[PDB]
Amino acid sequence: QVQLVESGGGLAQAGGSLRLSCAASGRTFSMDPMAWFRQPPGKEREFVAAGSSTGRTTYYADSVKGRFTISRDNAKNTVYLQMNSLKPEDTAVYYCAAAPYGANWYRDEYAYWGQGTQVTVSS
């Protein structure tokens, strides 16, 4: 019944900037941290970004600091990843997760997962 639906993907080009969205339904996540992970092709799923419901706590993967920004609107039950200064490596499927239950937010232990959406960056 609960779904996390990603959108805003598709193709971009180096130096450019996309904005991903994850709309959640079936329950309110207004208290839960939300996060973005990605899976480059051939490479395995890896951590991108995570934040608390208040915005006060956010963590970023080293390769993404300054360039990507997590944010949300609890009214709309959605989390956002704002991807600036794009690069070829950023090409991957991006999944949103919600409600981590591991010892920290980098660990891929989250109670809910999106199906993920493709992002591609050229040259």
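In case it trips you up, residue 1 is the first one in the sequence shown, and so on.
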Averaging CA B factors per stretch from the PDB record, which one is higher: 6 to 14 or 108 to 116? 6 to 14
Averaging CA B factors per stretch from the PDB record, which one is higher: 27 to 35 or 60 to 68? 60 to 68
Per the entry's values, where does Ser53 land by CA temperature factor relative to the rest of its chain, in the lowest, middle or highest third? middle
With respect to C-alpha B-factor, does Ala99 fall in the lowest, middle or highest third of the chain as deposited? lowest
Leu81: CA temperature factor from the record, placed by chain third, in the middle
